[PDB]
Amino acid sequence: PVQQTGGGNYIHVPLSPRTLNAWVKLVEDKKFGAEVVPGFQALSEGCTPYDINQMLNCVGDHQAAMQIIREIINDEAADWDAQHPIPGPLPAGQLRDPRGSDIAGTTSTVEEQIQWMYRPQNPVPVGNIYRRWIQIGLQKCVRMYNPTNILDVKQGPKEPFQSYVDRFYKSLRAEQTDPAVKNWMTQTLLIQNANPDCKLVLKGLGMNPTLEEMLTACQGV
Amino acid sequence: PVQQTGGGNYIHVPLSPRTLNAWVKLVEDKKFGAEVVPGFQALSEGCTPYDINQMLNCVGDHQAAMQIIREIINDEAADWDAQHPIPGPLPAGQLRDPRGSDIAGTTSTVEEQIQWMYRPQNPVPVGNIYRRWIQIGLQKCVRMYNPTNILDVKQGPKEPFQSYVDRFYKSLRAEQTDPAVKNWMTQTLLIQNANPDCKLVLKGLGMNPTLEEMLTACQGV
Amino acid sequence: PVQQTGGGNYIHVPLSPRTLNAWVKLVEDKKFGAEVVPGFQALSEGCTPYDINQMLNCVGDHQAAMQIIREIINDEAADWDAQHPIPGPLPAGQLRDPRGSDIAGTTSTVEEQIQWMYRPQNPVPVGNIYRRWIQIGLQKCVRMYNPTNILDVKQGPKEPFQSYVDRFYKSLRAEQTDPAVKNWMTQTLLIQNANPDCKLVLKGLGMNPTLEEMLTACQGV
Amino acid sequence: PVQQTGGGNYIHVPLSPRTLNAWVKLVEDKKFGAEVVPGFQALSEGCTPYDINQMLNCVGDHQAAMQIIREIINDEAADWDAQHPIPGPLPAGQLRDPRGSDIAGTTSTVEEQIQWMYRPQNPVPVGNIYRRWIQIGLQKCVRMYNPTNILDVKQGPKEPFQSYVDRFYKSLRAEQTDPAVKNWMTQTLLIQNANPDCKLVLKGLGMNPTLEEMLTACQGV
Amino acid sequence: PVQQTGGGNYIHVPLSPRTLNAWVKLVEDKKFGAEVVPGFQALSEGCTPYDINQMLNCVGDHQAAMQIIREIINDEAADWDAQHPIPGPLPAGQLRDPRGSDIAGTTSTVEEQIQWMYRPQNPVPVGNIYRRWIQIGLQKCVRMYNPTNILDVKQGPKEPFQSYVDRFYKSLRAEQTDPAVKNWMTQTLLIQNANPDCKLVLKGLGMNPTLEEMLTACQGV
Amino acid sequence: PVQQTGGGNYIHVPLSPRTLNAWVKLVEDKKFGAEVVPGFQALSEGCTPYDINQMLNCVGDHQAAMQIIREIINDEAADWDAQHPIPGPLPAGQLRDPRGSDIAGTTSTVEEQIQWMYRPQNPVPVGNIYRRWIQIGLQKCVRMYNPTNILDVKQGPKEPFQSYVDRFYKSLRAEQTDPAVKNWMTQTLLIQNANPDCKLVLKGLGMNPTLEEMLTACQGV
Amino acid sequence: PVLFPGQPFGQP
Amino acid sequence: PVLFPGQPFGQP
Amino acid sequence: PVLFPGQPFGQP
Amino acid sequence: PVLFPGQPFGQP
Amino acid sequence: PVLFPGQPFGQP
Amino acid sequence: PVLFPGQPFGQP
Ligand SMILES: O=P(O)(O)O[C@H]1[C@H](OP(=O)(O)O)[C@@H](OP(=O)(O)O)[C@H](OP(=O)(O)O)[C@@H](OP(=O)(O)O)[C@H]1OP(=O)(O)O
Ligand SMILES: O=P(O)(O)O[C@H]1[C@H](OP(=O)(O)O)[C@@H](OP(=O)(O)O)[C@H](OP(=O)(O)O)[C@@H](OP(=O)(O)O)[C@H]1OP(=O)(O)O
């Protein structure tokens with residue numbers, strides 16, 4: 001991560017062992033669930049890329065998913081390389097304008113990444129950019145591990161309603177579909193994929209019933 | 001959360017992993033009990049909205065309840081938007097007056113939320129406002145999960161009195177009814193929903209018996 | 001709680017989640033034993049009333065006991081209100097002289113409670129006053145839960161002496177009786193409520209035997 | 001405990017909940033073993049008397065032992081009261097010269113105890129004095145609970161030597177006997193209280209055998 | 001490790017007991033897995049060689065592996081000794097230019113290692129150099145313990161595909177072979193070492209199929 | 001331990017309860033294994049003698065070993081007393097030149113030990129000297145508890161090679177024999193104390209085979 | 001009555 | 001509508 | 001007698 | 001290709 | 001003899 | 001040879 005010192009200078013520090021261990025446990029216990037994408041961010045906020053690399057280099061399992069994360073990091077970088085091309089010769093020995101490998105911490109170091117973050121001009125969040133790319137590869141992995149469908153989910157006659165909705169809104173969160181489609185799915189598909197006449201008890205509500213109204217109407221139905 | 005630096009400036013920091021984990025455990029073990037509403041506040045006091053979002057984005061379950069929390073956040077904001085409408089053109093590039101999305105941290109950032117909190121004039125508690133809205137949606141959820149009634153509760157002949165009162169005052173706390181009604185319920189309904197003649201032993205006390213007098217009078221009765 | 005900043009100013013901070021959790025566990029495992037009254041104080045020393053409220057608002061059980069604590073807080077305040085009545089109109093917008101609700105943190109805020117604690121003149125310990133009132137209601141609760149009597153306790157023939165004394169001095173601590181009565185009870189009742197001739201072995205000691213002399217004299221008797 | 005602030009002033013702070021919990025566990029698991037006397041000191045070093053009181057007011061069991069500790073605190077104080085008698089009238093409102101109750105924290109407060117510790121002249125360690133008195137009462141208690149005798153200990157034919165010595169040096173530590181007696185006991189009694197001819201194998205060593213020489217000579221004998 | 005003090009000076013500090021314990025557990029539970037090499041680095045970042053030595057001197061088991069680490073440290077040093085030979089007589093009593101034993105902390109001390117790190121000129125990372133050498137000996141050990149082959153791995157008919165790939169990419173990481181060979185192995189060997197016709201379902205993809213395309217194509221095949 | 005304050009002064013502090021507990025657990029779980037000698041050092045680095053005493057006064061068991069540690073501390077001191085004899089009369093009330101009891105903290109205090117460590121001239125590491133003496137007595141104890149011989153160790157026909165080497169290099173570490181003897185033992189005895197023809201498979205290597213070459217050659221032999 | 005029966009402790 | 005149904009809380 | 005029998009340790 | 005297949009993340 | 005047999009380590 | 005076989009790592 002990064003700290004500050006007298007005079008306005010900044011320094012590098014280590015990533016807490018407690019945070020590294022918590023990242024690993026989140027990956028193992030949740031088996032790359034959707035929850036893993038934000039747990040990573042909170043654990044890594046105020047950090048730098050070198051540390052983000054170590055956390056992802058500690059997980060010794062679910063290694064296929066990590067290759068999926070790697071395929072993504074190489075792409076986003078290529079886009080940045082094209083969008084932010086090598087400027088050319090640089091005056092004196094000034095720090096190089098950041099490129100695809102530098103944001104990740106491969107062709108660079110922590111001191112250079114921290115210097116870029118507070119470069120007097122063009123301070124660049126090298127740390128935040130590499131986490132966004134990483135969250136994209138984690139989300140692809142969360143889907144590959146659990147490819148269950150929102151439509152596939154169906155209610156059971158001796159099975160309650162709250163839990164069916166629970167399975168429904170949890171599956172929808174993982175998806176990366178458009179918000180309006182999510183809105184239609186959460187006002188139509190849920191009423192549709194119920195028990196034969198439980199669809200009717202949900203429809204008792206006049207229209208576009210709010211979920212407070214639907215979770216109370218079918219309590220013990 | 002927020003910290004301070006030399007010169008009177010303020011900065012942003014990360015939300016402790018210990019606090020995120022404790023929020024999740026409070027939600028899972030208590031299954032969104034009433035206790036969850038204040039555990040959230042203590043864990044999140046001195047924080048900012050972005051962090052409150054991550055804690056609520058980590059819980060991977062009880063996702064229906066979270067949609068109920070969302071339905072609430074969108075409403076309270078709309079009220080604020082109407083009460084605090086867009087002022088109009090703003091001089092130079094000053095920070096925008098906060099709106100419904102900004103208080104939540106969606107159409108904004110942490111640095112802007114912290115700057116608003118110490119804006120030299122009109123310092124606004126963007127963090128506290130988003131927690132109050134959130135506590136309203138959590139309370140709706142606590143009720144949906146446990147919709148047991150204060151009147152429904154009844155004492156058993158081989159069942160003690162202290163525990164019946166325990167179930168009674170715990171159920172009353174969750175309710176959002178008026179205080180005078182709560183006062184009547186705690187001086188009448190409790191004596192009424194007892195065993196056939198245990199109502200009489202409670203009434204032995206001259207009138208409006210204090211709970212110290214009622215919990216001791218029927219000990220081993 | 002409270003912290004200090006450069007210039008001599010003071011600020012507010014959050015109550016540790018570790019302390020909130022430890023207060024709850026002390027209440028649950030000891031079932032409101034006498035030990036609970038001081039565990040609360042140590043956990044809450046250097047704190048303010050708002051935090052003391054959250055700790056007591058987190059416990060989701062033993063809710064009847066809490067109502068007993070509330071009946072007490074309302075009384076002690078009324079006494080303070082009478083002893084410290086509203087002075088009258090206050091110059092300019094100075095902070096109001098504290099009243100019954102303010103000491104608890106209900107009709108007030110943390111910043112006002114901290115300002116009172118270091119008010120240049122009449123600095124008032126708003127935090128310590130609300131904890132003393134609370135310790136009085138907790139002690140009433142400790143007694144209601146365990147109403148066993150010091151006299152009720154009796155020794156057994158195949159039961160040892162040290163443990164009987166242990167049950168005796170533990171029960172006496174909970175009581176709120178006068179110290180001289182406690183002194184008489186600890187020099188007479190203990191010798192009296194023994195086995196038929198174990199009373200005699202304790203009396204072998206010339207008179208007013210010290211507990212070192214009594215716990216060694218009847219070892220293996 | 002105590003902390004320091006700019007200008008050379010000192011303040012009071014709370015006693016860690018982790019330290020209070022560790023003191024209780026040391027008392028419960030070791031059942032007031034000799035180990036308890038120094039665990040208390042390490043946990044309480046840099047502290048003040050008020051905190052030492054809370055730790056000893058949290059233990060809810062082994063209450064008889066605590067009365068033994070109390071009988072001791074009242075005595076040592078009386079000695080101090082006689083050795084350090086009330087001086088007489090004190091100029092202006094200066095802090096009172098400390099007495100028996102003040103060292104314990106009963107007729108005093110933490111701020112007065114901290115002020116005494118750094119009184120510009122006669123700085124007095126009020127904290128260390130009350131811990132020494134307390135360690136004397138704890139040691140009496142350690143003996144009352146385990147009154148096994150160093151001489152009572154005897155070796156077994158199918159029982160090893162290292163463990164017998166272990167029981168021997170552990171029992172000797174608890175005793176408060178003179179060092180020369182301890183030296184004689186550790187060069188004579190140990191050889192004497194062995195198996196019929198194991199006394200001889202220990203004596204194979206020319207004289208006053210060192211324990212390295214005795215623990216190796218009878219290995220597998 | 002190292003800290004800084006007023007004036008720009010630097011000091012030495014201890015290595016956290018939590019970090020020493022976590023290094024040992026990583027070695028014991030993972031039995032010197034590949035994960036051990038980076039866990040060591042994160043735990044030891046911002047440290048000095050003396051501390052790295054203690055962590056490796058605490059592990060009381062897997063001692064053969066440690067000798068392998070030692071054989072490596074002696075070699076890398078010899079190379080440095082040759083590359084950086086003793087300069088000759090040094091002016092006054094200036095600190096000696098570092099040699100093979102000094103980087104490890106054997107013929108030196110922490111204060112000398114910290115002074116070298118901030119030597120006004122030629123500041124040398126004595127700490128980072130000794131960790132790189134150590135990571136080379138750990139990697140040799142990870143291979144000796146688990147010498148399973150990437151080619152040896154084969155899929156089972158009732159065994160899934162994701163897990164086979166998991167065993168494949170985990171084994172490849174441990175290897176120290178060239179990257180292009182790793183690329184060929186991850187685009188050919190994996191399709192080859194499958195079930196008799198599962199090789200064909202993977203090949204359904206037109207060519208050089210990306211792992212996202214391969215892990216989804218054979219889901220439930 | 002020791003801390004620093006403004007002006008260049010130094011102070012004393014307490015030893016962490018976490019460190020005291022970890023020292024005890026290292027002694028109990030490893031039963032005074034070789035690992036105990038360095039765990040002690042890491043836990044006690046930056047400390048003073050008084051604290052080292054408390055840690056060793058908390059362990060309530062393995063008390064015979066501690067007497068062995070004591071026999072050693074008294075000797076090393078006597079040597080220091082002779083090497084560093086009482087100088088004679090000291091000017092004014094200057095702190096006494098340290099002696100055998102002072103280095104241990106018996107005839108001295110922490111403030112005097114800290115003052116010696118930063119004595120403007122002849123700053124003496126009173127803390128490090130007492131730990132080296134202590135590590136010598138711990139090593140004698142590690143040997144007394146586990147007196148198994150490097151030569152005594154023998155391989156089994158259905159027993160693997162890596163583990164035999166593991167038992168061999170672990171036993172050698174505990175020994176305090178010369179390094180060249182250790183080198184001969186690790187290039188000869190290990191090949192000798194194998195299975196009847198496993199000695200030959202190890203010898204397949206041309207000569208002085210490195211342990212990497214020996215641990216791989218006999219894998220699955 | 002500062003805290004009415006059943007009222008969560010603290011600000012109203 | 002600040003947070004659309006199913007939208008992870010926080011920035012878009 | 002600083003602490004009377006059964007008196008919680010500390011201030012009265 | 002910043003990170004080649006199987007390459008530990010971070011500096012080469 | 002700095003520490004006599006059985007003497008708790010530290011100050012007398 | 002910086003560290004001889006079996007030599008505890010660190011200062012001699
Ligand atoms: O170790 P960290 O990741 O920095 O976490 C700290 C740290 O925890 P430990 O006690 O486990 O080491 C503090 O202790 P120190 O490192 O400063 O000794 C502790 O507070 P104490 O010092 O009182 O033990 C504090 O606990 P809390 O969260 O209850 O304030 C805790 O906090 P975080 O885990 O939130 O960082
Ligand atoms: O980091 P620490 O302060 O050392 O505490 C953690 C953990 O607590 P935290 O994660 O909250 O810090 C344990 O508590 P739990 O989380 O398991 O409840 C705690 O032990 P206790 O349960 O007895 O409090 C133990 O440290 P310590 O014993 O010094 O308190 C340690 O455990 P882990 O390293 O396994 O997280």
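Residues numbered from 1 in each chain as written, not as in the entry; some residues may be left out. Chains lettered and ligands numbered in written order. Heavy atoms only, no water.

**Q** Can you walk me through the overall build of chain A in this structure?
**A** Tallying secondary structure elements over chain A gives 12 helices and two strands in all. For chain A, the sequential pattern of α-helices and β-strands runs β-β-α-α-α-α-α-α-α-α-α-α-α-α. Here the C-alpha radius of gyration of chain A, 23 Å, is well above what a compact globule of 221 residues would show, namely 17 Å. Taken along the three principal axes of its C-alpha coordinates, chain A extends 75 × 35 × 35 Å. Per-residue burial over chain A gives 51% buried out of 221 residues. Sequence separation of at least 24 residues holds for 58% of the intrachain contacts in chain A that already meet a minimum separation of 6. (Helix = DSSP H or I, 4+ residues; strand = E, 2+ residues; numbered from the N terminus. Rg over C-alpha atoms; globule rule 2.2 N^0.38 Å. Buried < 20%, exposed > 50% of the residue type's maximum accessible area, 1.4 Å probe, protein only. Contact = heavy atoms within 4.5 Å.)

**Q** Got a minute to help me understand the relation of the copies chain E and chain A in this structure?
**A** In this structure, two copies of a chain are linked by a rotation about an axis accompanied by a shift along it. Superposition record for chain E on chain A: RMSD 0.0 Å, screw rotation 60°, translation along axis 0.0 Å. Each copy turns onto its partner about a six-fold axis. When the interface residues of chain E are mapped onto chain A, a mere 5% of them again lie at the interface, so each copy presents a different face. (Least-squares fit on C-alpha atoms.)

**Q** Please explain helix α6 (residues 110-117) of chain E as it appears in this structure.
**A** Residues and elements named next belong to chain E. Turning to α6, its buried residues are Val110, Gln113, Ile114, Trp116 and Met117. Buried residues of α6, seen end-on, are gathered within an arc of 160° and therefore sit on one face of the element. Lining the buried residues of α6 we find β1 (2-4), β2 (10-12), α3 (49-58), α5 (100-104) and α7 (126-145). The distance from a side-chain oxygen at the start of α6 to the backbone nitrogen of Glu111 is 3.4 Å, and the residue carrying that oxygen is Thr109. (Arc of directions from axis to C-beta. Polar contact = N/O pair within 3.5 Å; in protein donor to acceptor, adjacent residues only side chain to side chain.)

**Q** When you look at the site of ligand 2 in this model, what are you seeing that I'm missing?
**A** All residues adjacent to ligand 2 are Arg18 of chain A, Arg18 of chain B, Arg18 of chain C, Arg18 of chain D, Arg18 of chain E together with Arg18 of chain F. At the site occupied by ligand 2, the surrounding residues belong to chains A, B, C, D, E and F. For ligand 2, an oxygen atom lies 2.6 Å from a polar atom in the side chain of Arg18 of chain D. Class assignment for the residues of the shell around ligand 2 results in no nonpolar, no polar and six charged. (Near = heavy atom within 4 Å. Nonpolar A, V, L, I, M, F, W, Y, C, P; charged D, E, K, R; others polar.)

**Q** Where do I start with the interface of chain E and chain A in this structure?
**A** Accessible area lost when the parts come together is the quantity often used to give the size of an interface. Contacts between the two partners involve 21 residues from chain E, matched on the other side by 22 residues from chain A. Both faces considered, chain E and chain A share a buried interface measuring about 1900 Å² in area, 59% of it formed by carbon and sulfur atoms. Of all residues in chain E, the largest losses of buried area upon contact with chain A belong to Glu45, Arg173 and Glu212 of chain E, amounting jointly to 26% of the total for that side. The interface formed by chain E and chain A holds two salt bridges in total. At the level of secondary structure, the elements contributing two or more residues to the side of chain E that touches chain A comprise α1 (17-29), α2 (36-43), α8 (162-174) and α12 (211-217) of chain E. Top element by residues in the side of chain E that touches chain A is α8 of chain E. It accounts for six residues. Here the residues of the side of chain E that touches chain A sort into seven nonpolar, seven polar and seven charged. (Buried area = accessible area lost by both parts, 1.4 Å probe. Salt bridge = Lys/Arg side-chain N within 4 Å of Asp/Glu carboxyl O.)

**Q** Looking at this structure, how should I read the site of ligand 1?
**A** Residues in contact with ligand 1, as listed here, are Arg18 of chain A, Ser16 and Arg18 of chain B, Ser16 and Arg18 of chain C, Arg18 of chain D, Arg18 of chain E together with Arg18 of chain F. Those residues lying near ligand 1 are distributed over chains A, B, C, D, E and F. In this structure, an oxygen atom belonging to ligand 1 sits 3.2 Å away from a side-chain N or O atom of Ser16 of chain C. Note that an oxygen atom of ligand 1 is positioned 2.5 Å from one of the side-chain N or O atoms of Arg18 of chain E. Here the residues of the shell around ligand 1 sort into no nonpolar, two polar and six charged.

**Q** Hey, could you run me through the arrangement of the chains in this one?
**A** With no contact between them, chain B and chain J keep their nearest C-alpha atoms 23 Å apart. In this assembly chain I lies apart from chain L, the nearest approach of their C-alpha atoms being 51 Å.

**Q** How should I be thinking about unusual backbone geometry in this particular structure?
**A** A negative phi angle is the norm for most residues apart from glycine, just as the trans form is the norm for most peptide bonds. Phi is positive for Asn208 of chain B, close to 35°, though the residue is something other than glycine. In this fold, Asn208 of chain B is placed in the loop between α11 (198-203) and α12 (211-217). Look at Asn208 of chain B and you get partly exposed, because its relative accessible area is 44%. Residues other than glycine seldom take positive phi values, yet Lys31 of chain F does so here, at roughly 50°.

**Q** Honestly, the environment of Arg18 of chain D in this entry has me stumped. Any pointers?
**A** Inspection of the secondary structure puts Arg18 of chain D in helix α1 (residues 17-29). On the basis of relative accessible area, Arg18 of chain D is assigned to the partly exposed category, the value being 37%.

**Q** Would you explain the environment of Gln54 of chain B in this entry?
**A** All names here are of chain B. For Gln54, the position within the fold is in helix α3 (residues 49-58). On the basis of relative accessible area, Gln54 is assigned to the buried category, the value being 5%. Note: C-alpha distance between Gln54 and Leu20 (34 residues apart in sequence) is 8.1 Å.

**Q** Can you walk me through the pattern of salt bridges in this structure?
**A** It is possible for side chains bearing opposite charge to pair when their charged atoms get close. With the rule as written, the count across this model stands at 42 salt bridges over all chains. In this structure, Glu45 of chain B engages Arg131 of chain B in a salt bridge whose closest nitrogen and oxygen atoms are separated by 3.2 Å. Within this pair, whereas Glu45 of chain B is found in the loop between α2 (36-43) and α3, its partner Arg131 of chain B is found in helix α7 (residues 126-145), the two being separated by 86 residues in sequence. Summarising the burial analysis for this pair, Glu45 of chain B and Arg131 of chain B share the class buried. Where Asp102 of chain E meets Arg96 of chain E, a salt bridge forms, and the shortest distance between an N and an O atom there is 2.9 Å.

**Q** I keep staring at helix α8 (residues 162-174) of chain A and nothing clicks. Help me out?
**A** What sets the pattern is the α-helix's 3.6 residues per turn: residues three or four places apart point alike. Helix length check: α8 of chain A, at 13 residues, gives a terminal C-alpha distance of 19 Å against a target of 18 Å (1.5 Å per residue), a fit within 8%. The complete set of buried residues in α8 of chain A reads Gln162, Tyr164, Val165, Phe168, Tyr169, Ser171, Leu172 and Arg173 of chain A. Summarising the contacts, the buried residues of α8 of chain A are in contact with α9 (179-185), α10 (189-192) and α12 (211-217) of chain A together with α3, α4 (63-83) and α7 of chain B. (Expected span 1.5 Å × (residues − 1).)

**Q** Just checking my understanding: could you explain the packing of aromatic side chains for this structure?
**A** Each aromatic ring pair is specified by the distance between its two centres and by the angle formed by the two planes. All names here are of chain A. Per the counting criterion, the structure on display carries 42 aromatic pairs over all chains. Ring centres of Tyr10 and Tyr118 lie 3.7 Å apart, and the angle between their planes is 20°; this geometry places the pair in the stacked category. One end of the pair, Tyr10, is in strand β2 (residues 10-12); the other, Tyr118, is in the loop between α6 (110-117) and α7 (126-145), with 108 residues separating them in the sequence. Under the relative-accessibility criterion, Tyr10 is labelled partly exposed at 28%. Between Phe161 and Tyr164, the aromatic rings sit 6.1 Å apart at their centres with planes inclined by 45°, giving tilted as the arrangement. For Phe161, a relative accessible area of 7% gives the class buried. Aromatic rings pair up to connect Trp23, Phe32, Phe40 and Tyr145 into one cluster. (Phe/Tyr/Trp six-rings, centres within 6.5 Å; stacked < 30°, edge-to-face > 60°.)

**Q** In this structure, what is going on with the interface of chain G and chain C? I would like to understand it.
**A** The interface is formed by 12 residues belonging to chain G together with 19 residues belonging to chain C. Between chain G and chain C the total buried area reaches about 1200 Å² when both faces are included, carbon and sulfur atoms providing 57% of it. Sorting the residues of chain G by area buried against chain C places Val2, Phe9 and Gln11 of chain G first, and these three jointly supply 59% of that buried surface. At the boundary of chain G and chain C, one finds zero salt bridges. Counting across the interface, chain G meets chain C through five residue pairs in polar contact. Across the side of chain G that touches chain C, the residue classes tally to eight nonpolar, four polar and no charged.

**Q** Help me understand the packing of α2 of chain E against α7 of chain E, please; the structure alone is not making it clear to me.
**A** The packing of two helices is summarised by the inter-axis angle and the distance between the axes. Residue and element names in this part refer to chain E. Relative orientation of the contacting elements α2 and α7 amounts to 155°, with a least axis distance of 9 Å. Classed by the angle they form, the pair α2 and α7 counts as roughly antiparallel. Judged by the twist between their axes, the crossing of α2 over α7 is right-handed. Residues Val36, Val37, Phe40 and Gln41 of α2 touch α7, and the partners they reach there are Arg131, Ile134, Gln135, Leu138, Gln139 and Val142. (Axes fitted to C-alpha atoms, helices over the stretch in contact; angles between N-to-C directions. Parallel < 35°, antiparallel > 145°, perpendicular 65-115°, else oblique. Left-handed = near helix turned anticlockwise from the far one by under 90°.)

**Q** Is there a simple way to think about the side chain of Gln162 of chain B in this case?
**A** The topology assignment puts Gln162 of chain B in helix α8 (residues 162-174). Filtering out sequence-adjacent residues up to four positions away, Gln162 of chain B remains in contact with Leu215 of chain B together with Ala64 and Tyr145 of chain C.

**Q** Help me out: how do you make sense of the environment of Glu28 of chain E in this one?
**A** Residue and element names in this part refer to chain E. Within the secondary structure layout, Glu28 lies in helix α1. Each C-alpha atom, one on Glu28 and one on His62, is 8.3 Å from the other, the two residues being 34 residues apart in sequence. Non-local contacts of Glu28, meaning those with residues more than four positions away in its chain, are made with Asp61 and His62. Within polar-contact distance, the side chain of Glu28 engages the side chain of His62 at 3.3 Å.

Nothing here speaks to function; it is geometry throughout.
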